[PDB]
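Read the structure below first, then the notes.
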Number of protein chains: 2
Amino acid sequence: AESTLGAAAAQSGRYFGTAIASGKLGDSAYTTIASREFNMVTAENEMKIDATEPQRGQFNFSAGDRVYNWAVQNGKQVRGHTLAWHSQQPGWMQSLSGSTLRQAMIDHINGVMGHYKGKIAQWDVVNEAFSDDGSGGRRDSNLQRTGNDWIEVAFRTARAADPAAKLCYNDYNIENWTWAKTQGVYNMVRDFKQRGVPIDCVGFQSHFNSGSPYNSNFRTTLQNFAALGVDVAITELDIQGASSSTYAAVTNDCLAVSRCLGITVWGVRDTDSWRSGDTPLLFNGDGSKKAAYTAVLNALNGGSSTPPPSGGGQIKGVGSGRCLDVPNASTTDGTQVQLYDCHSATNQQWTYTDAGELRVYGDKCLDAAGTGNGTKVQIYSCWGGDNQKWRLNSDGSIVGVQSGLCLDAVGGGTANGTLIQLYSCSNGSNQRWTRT
Amino acid sequence: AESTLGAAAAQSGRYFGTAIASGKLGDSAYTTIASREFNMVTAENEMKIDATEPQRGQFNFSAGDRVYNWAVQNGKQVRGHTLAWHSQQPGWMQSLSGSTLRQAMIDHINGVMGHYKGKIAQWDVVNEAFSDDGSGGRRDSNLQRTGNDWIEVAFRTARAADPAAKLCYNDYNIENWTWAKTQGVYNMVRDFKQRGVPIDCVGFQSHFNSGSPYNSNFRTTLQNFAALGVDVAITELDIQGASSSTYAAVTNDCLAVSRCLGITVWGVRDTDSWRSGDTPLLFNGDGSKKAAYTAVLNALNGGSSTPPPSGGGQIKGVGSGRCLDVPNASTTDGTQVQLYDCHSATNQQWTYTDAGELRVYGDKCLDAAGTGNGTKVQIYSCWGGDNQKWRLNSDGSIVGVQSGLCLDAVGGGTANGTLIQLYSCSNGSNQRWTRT
Ligand SMILES: O[C@@H]1[C@@H](O)[C@H](O)OC[C@H]1O
Ligand SMILES: O[C@@H]1[C@@H](O)[C@H](O)OC[C@H]1O
Ligand SMILES: O[C@@H]1[C@@H](O)[C@H](O)OC[C@H]1O
Ligand SMILES: O[C@@H]1[C@@H](O)[C@H](O)OC[C@H]1O
Ligand SMILES: O[C@@H]1[C@@H](O)[C@H](O)OC[C@H]1O
Ligand SMILES: O[C@@H]1[C@@H](O)[C@H](O)OC[C@H]1O
């Protein structure tokens with residue numbers, strides 16, 4: 001299909017998944033969205049070391065299976081996460097070092113993979129093994145201290161435990177090619193392939209923020225790794241601010257690399273995010289689609305053959321030919337917008353921001369004074385409210401994030417002065433627009 | 001004094017207050033801000049009818065006195081809120097009608113005012129007695145059904161009860177001079193003054209949002225009421241989104257009217273707000289000052305000497321004489337800003353938005369990648385994080401809302417290429433800027 005992320009991704013032979021939290025499965029709003037939009041599931045925490053082996057030699061899959069069972073019942077494949085990692089290790093493992101730890105690591109891999117044998121698409125065998133100090137070397141952890149060959153051992157162990165699973169090395173801050181960490185991981189994967197160490201994929205967490213911003217060279221990074229003869233996957237995608245452009249850019253990078261298996265965003269709603277403060281996901285707390293959601297979907301569907309305007313630009317309604325206009329170039333908050341003959345003027349220059357706003361005059365925002373039909377569409381000081389965020393559908397309609405309603409020309413009017421309101425989307429020509 | 005809102009307001013014989021919730025007086029973070037910034041207090045709930053007369057004839061002033069005492073002890077006057085109101089009436093009063101209710105209203109007024117006789121600066125004697133249907137008439141309530149003269153009776157009773165208190169009529173949606181409701185209240189007060197009804201002030205709640213946006217004619221409203229021979233007061237100010245320009249506009253509206261006694265914002269921090277989702281106050285939940293705070297303080301202190309930049313402008317470092325410049329006009333997220341000979345170029349044109357952002361290229365924001373000294377100041381997609389919010393202090397320093405740190409030209413460098421970082425504010429020339 002082309003209406004849901006999963007189905008859209010499938011159109012390029014890829015999947016689109018999310019991270020599922022078992023404690024949220026009782027939330028109808030949560031499951032409704034999760035089941036509908038994704039065809040791949042990763043347990044956010046239920047398959048980690050502490051959750052699967054709370055005591056040494058004592059495995060527990062109750063939490064993991066709650067996620068797993070839900071995924072299969074809803075037709076989703078599953079990414080196992082994660083088998084060997086310095087973080088979230090149960091206390092009994094944090095106390096280990098040397099050979100004792102090495103064998104515990106091997107035992108854990110066997111126990112967890114054995115339970116899920118033949119049921120997992122991808123396994124993040126080893127997670128975050130490289131340093132984040134900026135050097136490019138191995139992270140100093142109890143695991144790394146058992147010997148530099150611990151990662152290799154983890155992978156060989158995993159291959160034997162379940163030959164049907166794709167074995168991935170997963171890490172963050174390895175998306176920017178210029179970063180030393182990225183290159184350190186490349187060198188390790190290269191070495192592995194050259195010596196025959198079992199490894200089928202590299203997972204790029206993709207936790208983008210102003211500290212580790214997404215960069216266009218992410219595509220070369222993916223290509224570079226793909227060339228090593230391994231698949232690549234965006235595993236824990238979230239973008240601080242959820243820029244619609246960045247989300248589409250990341251999506252297109254993956255679609256540009258044939259080895260990119262798919263994209264998993266780390267969570268369903270911003271409120272479910274481990275970093276909700278950065279509102280980095282595709283759905284907001286209300287369960288409504290954010291501006292970025294539409295951008296990702298449109299990208300998955302191939303995008304549009306109409307390059308979106310770069311800075312400023314009028315918004316012409318197909319049904320009237322006239323442009324979205326602010327009555328007499330007013331700058332008064334609460335001024336309802338109207339349809340007026342297009343012409344070079346600031347009160348007709350609208351900039352669609354990455355946050356989903358339709359700005360005018362530079363700091364005034366298309367604002368909805370309500371969520372129901374007939375709601376007055378006006379201009380108001382930009383503050384980021386969902387009643388100020390809009391989704392630009394490929395069918396030309398402009399939907400309000402908070403209301404889920406379309407920009408509608410009152411009474412279908414097409415003459416100058418016709419006011420703009422919100423109203424259930426109808427596909428009508430008085431609700432379709434074009435950028436110029 | 002001029003480093004706190006209260007002190008800055010006192011310079012013109014005015015006050016800057018807030019609404020105090022007695023339960024929060026036990027929280028240090030709350031009281032630290034409240035006791036420091038305001039010189040006027042309104043009990044958010046402690047002095048309402050239900051809270052003061054749970055049962056007819058049985059008055060309970062415990063909660064009210066606790067707020068009152070805290071106020072006076074910390075150098076703040078008090079606004080009594082509120083004596084006659086259709087809403088939030090005790091269960092017993094709600095069931096009353098006709099003359100029985102009329103007597104109840106009168107008795108309540110005498111009881112509460114008698115208790116606080118001579119200690120209340122202003123009393124919201126009657127509250128929200130007008131309708132929002134557009135008729136400009138009285139809202140139909142049990143109080144109004146007692147007789148249209150109930151408001152007048154309320155005020156006459158109040159005057160006799162305590163001659164030292166200024167008697168105000170308080171309401172919302174009476175800020176926009178063109179609204180029917182506003183005219184309704186205007187005519188009533190005009191009639192009252194002409195007939196000698198004892199009323200000394202009109203309180204404008206000033207709850208501004210998309211539904212009831214702030215309009216510059218608010219000053220006209222205040223002036224008009226002022227011309228009636230009554231004082232005016234902004235009693236419950238909060239602005240959806242806390243627009244800096246709107247907060248500054250309301251402030252200047254009061255400063256422009258000699259009869260405007262002062263401004264009270266409805267809450268301390270956004271998390272204390274009855275409308276927290278609209279983050280409509282001057283302080284963030286973590287207690288940090290928002291861009292709007294600095295806008296209000298600068299306005300109260302008499303503003304700058306030269307009219308502030310009307311969007312789009314250079315930011316020049318005092319010590320260097322050079323401008324904030326994005327290297328090579330790059331638009332790549334993560335690019336660190338620098339100092340450079342000032343010239344006409346978009347990569348040197350910054351726009352300070354109402355949200356407190358410093359935008360460039362229209363949709364890129366001055367961004368801090370961290371909160372500690374040495375943090376890199378760069379450009380990043382605009383999304384609204386506090387790490388993208390800035391306060392333009394009167395001394396020329398620019399402080400990050402999240403970090404509390406100042407924009408700093410690294411090492412006090414003055415040459416082209418000098419990088420910009422965050423650093424503890426020092427009043428150094430490499431931390432002072434002018435927008436011209
Ligand atoms: O919930 C968090 C999870 O999302 C993150 O991946 O790892 C740490 C957990 O606390
Ligand atoms: O905003 C409109 C303006 O653009 C047009 O030129 O004249 C009519 C106004 O309402
Ligand atoms: O313009 C609106 C039209 O698009 C809708 O179909 O019916 C209501 C009208 O006001
Ligand atoms: O009278 C008011 C009207 O002027 C305004 O436009 O909408 C609200 C009404 O109450
Ligand atoms: O950004 C700078 C640009 O404004 C100047 O013109 O040339 C040098 C660049 O670094
Ligand atoms: O720029 C900084 C300067 O302002 C401070 O005084 O010393 C450290 C420098 O990095």
Side-chain angles (χ1 to χ4, degrees), chain A residues 176 178 208-217 239-247 249 277-280 285 291-292 310-312 331-335 349 351-357 359 361-365 367-370 375-388 402, chain B residues 176 178 208-217 239-247 249 277-280 292 310-312 331-335 346 349 351-357 359 361-370 375-388 402:
Chain A
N176 189 317
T178 68
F208 300 118
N209 54 48
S210 76
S212 60
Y214 158 82
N215 184 284
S216 59
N217 67 31
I239 296 157
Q240 171 186 59
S243 164
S244 55
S245 285
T246 309
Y247 252 118
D278 293 329
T279 60
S310 181
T331 301
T332 316
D333 279 25
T335 301
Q349 284 296 74
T351 301
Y352 187 54
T353 71
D354 287 320
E357 307 174 314
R359 293 180 167 242
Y361 308 126
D363 196 37
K364 288 304 176 185
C365 277
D367 180 295
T375 289
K376 165 187 175 180
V377 181
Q378 49 182 37
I379 49 170
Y380 189 84
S381 309
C382 299
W383 67 281
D386 283 339
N387 60 311
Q388 303 200 319
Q402 182 187 63
Chain B
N176 188 319
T178 68
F208 302 119
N209 57 44
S210 56
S212 304
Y214 163 81
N215 186 293
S216 60
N217 66 37
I239 298 167
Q240 176 183 56
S243 158
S244 292
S245 292
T246 304
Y247 252 113
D278 291 324
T279 60
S310 184
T331 56
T332 61
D333 278 7
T335 302
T346 60
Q349 286 294 113
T351 298
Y352 187 61
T353 68
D354 288 325
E357 305 180 311
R359 296 192 169 228
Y361 309 129
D363 201 27
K364 287 304 174 184
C365 278
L366 192 62
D367 181 291
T375 291
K376 161 186 173 182
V377 176
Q378 44 174 36
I379 58 170
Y380 187 78
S381 307
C382 295
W383 64 284
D386 286 346
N387 62 310
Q388 302 192 318
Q402 186 184 64

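Each chain gets a letter, A, B and so on, in the order the sequences are listed, and its residues count up from 1.
For B:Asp354, the parts lying under 4.5 angstrom from a heavy atom of chain A are both the backbone and the side chain. Neither the backbone nor the side chain of B:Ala242 comes within contact range of chain A; no heavy atom of the residue lies under 4.5 Å from a heavy atom of that chain. Looking at A:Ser216, neither its backbone nor its side chain comes within 4.5 Å of chain B, counting heavy atoms on both sides.
With chain A as partner, the option from B:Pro213, B:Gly312, B:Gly311 having the largest number of non-hydrogen pairs under 4.5 angstrom is B:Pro213. Between chain A and the options B:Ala355, B:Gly334, B:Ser381, heavy-atom pairs under 4.5 Å are most frequent for B:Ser381. Note on A:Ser210, A:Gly241, A:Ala369: by heavy-atom pairs under 4.5 Å with chain B, the leading option is A:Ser210.
A:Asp278 meets the salt bridge (charged side-chain N to carboxylate O under 4.0 Å, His left out) test with no other residue; sequence neighbours excluded. By the side chain to side chain contact (heavy atoms under 4.5 Å, CB included) test, A:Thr335 is found to be paired with A:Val326, A:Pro327, A:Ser330, A:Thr332, A:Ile379, residues two or more places apart in sequence or in another chain being considered.
Atom-to-atom distance recorded for B:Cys382:SG and A:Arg359:CZ is 7.0 Å, nearest 0.5 angstrom. To the nearest 0.5 angstrom, B:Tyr380 atom OH is 6.0 Å from A:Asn209 atom CG. The structure places CG of A:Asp333 at 12.5 Å from OG of B:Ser212, a figure rounded to the nearest 0.5 Å. Interatomic distance, B:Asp363 CG to A:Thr353 OG1, rounded to the nearest 0.5 Å: 5.0 Å. We find the OG-NZ distance between A:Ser243 and B:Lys364 to be 6.0 Å, quoted to the nearest 0.5 Å.
A donor-acceptor contact shorter than 3.5 Å is absent between the side chain of B:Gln240 and the backbone of A:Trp383.
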